[PDB]
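Before any comments, here is the structure.
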DNA sequence: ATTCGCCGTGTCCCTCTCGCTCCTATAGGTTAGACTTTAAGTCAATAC
RNA sequence: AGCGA
DNA sequence: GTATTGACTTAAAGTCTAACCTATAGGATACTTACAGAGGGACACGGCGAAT
Ligand SMILES: [Mg+2]
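In structure tokens:
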């Protein structure tokens, strides 16, 4: 039953210190074995998050308006470029660049 | 193996204890509490609109 | 200078008037007593009395105002006694000034109730009155919670006994030890320890304790909706049964207004006898104990 | 000596986020405690 | 009061 | 099944006495001045000098 409730209901992923606008982004959650949040590697640039043991906060929008706001404005795929210079922050980096 | 194990960190709250003078949710994994949605996070949200 | 010290300002203030002696004190006491009797006689003569002769009214009013003068003069004289006495107690009480003012109140009581014919210096009687007033006010205004005087005294005696036994023996004694020392019961000793407790401050440094104070008495946030659905289910179940039975149960257990109606009242409002309704109640409750009417309610405990 | 223009010194509000582990005497109010009364709840039998 | 990023 | 009467016990008051806290007043030798025991920017309250 948990799968059915989870389907199509985004969540917010805060990381302190939230330096800039992309510190909070809305993702579609999916259930994962274990006890560690699995984060997509390509928002690491936006979050300034290396995996040396950093922690993130999952929030949960409730009202229909909040769900729409997360779905449309704060979705990952809708926030690629910087707010500063418009360069892509979903740009492949590090290991993928090497590949 | 370092002493930063997931079981000692994972935390969640749907509805738990509450503060006394202010009616905010409590804080700390010792309690349930919630995550401080702080001022910079507020700024991020406003910037999004 | 930064002369914002009301303490030193008050000391400088009270240093103006000169200290007095025994014969002067007798003179002031005579003047105040005569002034009081003068005011009393003038009131008596003002009500259905006598038209006070102008000269007599004049000099007796002088006597009155002069008695008040002498009273004030004496209080100014013994303010220094008040401060000198108050010094010993400070360390365990409130602002020094409060104790000084309680001492002054004791002084006005003393000068009201002094007798000079016994031929004594006023200092001793003043001292005792002052100390009584200071201790009383300190006790009444000591803690945020009020602890009356006799229990205050037994608390102080327990504390003194425990402190002297700590000095002598070196160890903190036991509740039975203090019970036998004070000729009281160990449970009484425990109660005195309990009431001796002083409130902690919500404000502290650690941060303030007020941060981590769970509201154990508060919204459960689940039992609210649980009780809402409970009530819905009970209305449903009661509708499942006969209307008369449902109304009887509702009045018996106060489900309609919160007022629990009893057998005589319900028999009156239904125009039948209380034993009739008791039969109704027993049969209906037996019906309700049948699991089909209770499977939907069993989980609500 | 006052005016106006400079200096000079003294007193005060503010500085990243997120998590975890002393005595006496009177008089009055309160409650408490037990005895007594009464509406109340029950049980047994019963007639329709 | 101590600690992690 | 539904509505009754006559014991038979029971909880809820009602009351009487009471007993035990609790608030208040007084204490009559002499008794006479608390204590002390960062830094930075900025503005406002005030040194030093030319002019009338
Ligand atoms: Mg890191």
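Residue numbers (the deposited numbering), protein chains in the order written: chain D, 486 to 584; chain C, 1032 to 1080; chain F, 222 to 427, 433 to 527.
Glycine residues also receive a C-beta, built at the ideal position from the N, C-alpha and C atoms.
Through-space distance from residue j to residue i, alpha-carbon basis
i              : j             : result
residue 383/F  : residue 336/F : 41 Å
residue 1054/C : residue 547/D : 20 Å
residue 338/F  : residue 353/F : 24 Å
residue 564/D  : residue 501/D : 19 Å
residue 252/F  : residue 297/F : 16 Å
residue 261/F  : residue 300/F : 28 Å
residue 498/F  : residue 455/F : 34 Å
residue 400/F  : residue 326/F : 38 Å
residue 503/D  : residue 488/D : 30 Å
residue 479/F  : residue 486/F : 5 Å
Chain D within 8 Å of residue i, Cβ atoms only
i              : result
residue 1078/C : yes
residue 1069/C : yes
residue 1035/C : yes
residue 1075/C : yes
residue 1032/C : no
residue 1038/C : yes
Within-8 Å CB hit, residue i to chain C
i             : result
residue 552/D : no
residue 440/F : yes
residue 515/D : no
residue 493/F : no
residue 571/D : no
residue 437/F : yes
residue 584/D : no
residue 432/F : Inspection of chain F shows residue 427 followed directly by residue 433; residue 432/F is thus not represented.
residue 487/D : no
residue 506/D : yes
residue 521/D : yes
residue 498/D : no
residue 450/F : no
Test: residue i CB closer than 8 Å to a CB of chain F
i              : result
residue 1056/C : no
residue 1051/C : yes
residue 1062/C : yes
message: Below 8 Å, how does it come out for the segment 441–453 of chain F and the segment 1034–1051 of chain C: are there three or more Cβ pairs, yes or no?
response: yes
query: Unbroken alpha helix (DSSP H) runs of length 4 or more, entirely within the segment 518–552 of chain D: which are they?
result: 529–532
query: Where the beta carbon is closer than 6 Å to any heavy atom of ligand 1, which residues qualify, in chain order?
result: 535/D, 537/D and 539/D
- prompt: Per the contact definition of three or more C-beta pairs closer than 8 Å, is the segment 503–517 of chain F in contact with the segment 471–490 of chain F?
  reply: yes
query: Mind pulling the beta strand (DSSP E) runs of 3 or more residues that sit fully within the segment 273–300 of chain F?
result: none
task: Starting from the N-terminal side, write out each stretch of the beta strand (DSSP E) that is 3 residues or longer and does not extend beyond the segment 309–336 of chain F.
output: none
task: Kindly confirm or deny that the segment 224–236 of chain F and the segment 268–288 of chain F touch, where touching means at least three C-beta pairs closer than 8 Å.
output: The segment 224–236 of chain F, when compared against the segment 268–288 of chain F, does not touch it at the 8 Å Cβ threshold.
query: Is the segment 305–312 of chain F close to the segment 265–277 of chain F, with three or more CB pairs under 8 Å?
result: no
field: Segments assigned alpha helix (DSSP H), at least 4 residues, entirely inside the segment 325–397 of chain F
entry: Counting whole runs of 4 or more residues, the segment 325–397 of chain F contains the alpha helix (DSSP H) stretches 343–361 and 370–390.
- prompt: Three or more beta-carbon pairs under 8 Å between the segment 1064–1077 of chain C and the segment 447–465 of chain F, yes or no?
  reply: Flag = no, the segment 1064–1077 of chain C and the segment 447–465 of chain F do not touch.
- request: Report yes or no: do three or more beta-carbon pairs, one from the segment 505–518 of chain D and one from the segment 549–562 of chain D, lie closer than 8 Å?
  value: yes
- prompt: Do the segment 572–582 of chain D and the segment 529–537 of chain D touch if we need at least three Cβ pairs shorter than 8 Å?
  reply: yes
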